[PDB]
Amino acid sequence: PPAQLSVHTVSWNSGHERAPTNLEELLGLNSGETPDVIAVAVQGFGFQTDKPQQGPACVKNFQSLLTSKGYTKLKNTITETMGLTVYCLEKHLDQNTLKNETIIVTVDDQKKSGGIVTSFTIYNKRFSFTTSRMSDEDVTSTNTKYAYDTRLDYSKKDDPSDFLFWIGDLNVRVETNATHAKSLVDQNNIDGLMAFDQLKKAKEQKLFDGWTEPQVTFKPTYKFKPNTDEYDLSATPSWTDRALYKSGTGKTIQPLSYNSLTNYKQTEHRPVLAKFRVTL
Ligand code: HEM
């Protein structure tokens, strides 16, 4: 069994938009890296039913790029508002110990908010990937707007997973006015604007307890005028798509890079790509 494995994650609050043609950039494969595990999370509208019939292009296009690099799709899960797919290189899998398992958590009677957790074991180490989705208006188990539920947190099991990732738009925003936020963006004072970000507030309320976000050096990923790099200042610029990590068992998880993908500009939010090296 290997000393270390690499994991790439991407999430995007893509809304109504279809999957795009250059997936190598999206998955962080454009400089020839070969991650052991890839997870892709989307938030948007109407996936499961699929009235635009983009399901088949999703499958066609992802399966065509990834199967020829040695990936097996462990699971794709879709709801009306979320999608989560996890891929792993074929060479790591053993059917007798993989114990591939997904749950879906619903918090409302329309099944629009909640999350997905997909877990599996390779080399006797358990990985869990979560995505989640919450509305501002929702009544919730936390009495906050944040996309946390303890059922989605596999570090709060009696037998916590070894490597945990939570990816998606957490419904965490920047709590200041648009003018001040845009001034801090224009000055590139990322840490100054992050001071107003709600993740620390969620953690003060004991949500996302013990979860770490890699250092953010990129500008807010929302809200943009589509096809441009111009902020739509009808919303305070915020960091929407996030990647969080933790270990339940004291394993080292080292972020290598964490960045927004500004070249993908076709919508209001920009995708966020994180790359990690984990030590077994
Ligand atoms: C641009 C954002 C999107 C991304 C990144 C994305 C990503 C993915 C991924 C990675 C898969 C699994 C592919 C595989 O089989 O290996 C998938 C499946 C699927 N996607 Fe998307 N998707 C997007 C947009 C959409 C939209 C707008 C719809 C329509 C509502 C949609 C509908 C579906 C459906 C129905 C499946 C499952 C189809 C099947 O299992 O036959 N996707 N998507």
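The residues of the chain are indexed from 1 along the displayed sequence. For ligands, and for the atoms within them, numbers begin at 1 and follow the listed sequence.
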**Item:** salt_bridge(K157, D159) N-O dist < 4.0 Å
**Value:** no
**Message:** I'd like to check which ligand 1 atoms, numbered from 1 as shown, lie under 4.0 Å from a non-hydrogen atom of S14.
**Reply:** 2 (C)
**Asked** Which heavy atom of the protein is the closest neighbour of atom 38 (C) of ligand 1, given with residue, atom name and distance?
**Response** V59 CG2, 3.7 Å
**Message:** If we set the cut-off at 4.0 Å for heavy atoms, which region of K73 has an atom near ligand 1: side chain, backbone, both, or neither?
**Reply:** side chain
**Asked** If you round to the nearest 0.5 Å, how far is CZ of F224 from CD of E268?
**Response** 11.0 Å
**Prompt:** Between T85, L74, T267, which one has a non-hydrogen atom sitting closest to atom 9 (C) of ligand 1?
**Reply:** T85
**Request:** May I ask whether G46 places a heavy atom under 4.0 Å from ligand 1?
**Result:** yes
**Message:** So for atom CD, which belongs to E204, do other residues, nucleotides or ligands contribute more than 12 heavy atoms lying within a distance under 6.0 Å?
**Reply:** yes
**Salt bridge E33-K275, side-chain N to carboxylate O under 4.0 Å** = yes
**Request:** Provide, to 0.1 Å, the distance between atom 29 (C) of ligand 1 and the closest protein heavy atom, together with that atom's residue and name.
**Result:** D50 OD1, 3.3 Å
**Request:** Taking all non-hydrogen atoms of both residues into account, name the closest pair between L29 and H8 and its distance.
**Result:** CD2-ND1, 4.2 Å
**Request:** Return yes or no for this condition: an N or O of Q63 is under 3.5 Å from an N or O of ligand 1.
**Result:** yes
**Asked** Linking I/L/V/M/F/W/Y whenever their side-chain heavy atoms sit closer than 4.5 Å, directly or via other members, would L152 and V86 fall into one cluster?
**Response** no
**Asked** Do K223 and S234 pass the side chain to side chain donor-acceptor pair (under 3.5 Å) test, and can you show the C-alpha distance, the side-chain angles, and the key distance before you say yes or no?
**Response** CA-CA 8 Å; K223 176 182 187 198; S234 74; 3.3 Å; yes
**Item:** Sub-2.8 Å protein N, O or S atoms surrounding atom 21 (Fe) of ligand 1
**Value:** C58 SG
**Prompt:** Please state which protein non-hydrogen atom is closest to atom 27 (C) of ligand 1 and give its distance, to 0.1 Å?
**Reply:** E17 O, 3.4 Å
**Asked** Is it the case that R173 places NZ or CZ above or below the six-membered ring of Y146, under 6.0 angstrom from the centre and within 45 degrees of the axis?
**Response** no
**Prompt:** Hey, are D209 and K203 close enough for a salt bridge, meaning a charged N less than 4.0 Å from a carboxylate O?
**Reply:** no
**Item:** Protein heavy-atom partner closest to atom 7 (C) of ligand 1 - residue, atom, separation in Å
**Value:** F62 CE1, 3.6 Å
**Message:** Quick check on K156: does its NZ atom have over 12 non-hydrogen neighbours (other residues, nucleotides or ligands) under 6.0 Å away?
**Reply:** yes
**Asked** Pick from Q48, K112, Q43, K111: which one makes a side chain to side chain contact (heavy atoms under 4.5 Å, CB included) with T79?
**Response** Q48
**Shortest heavy-atom approach to atom 16 (O) of ligand 1 - which of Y87, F45, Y71, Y264** = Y87
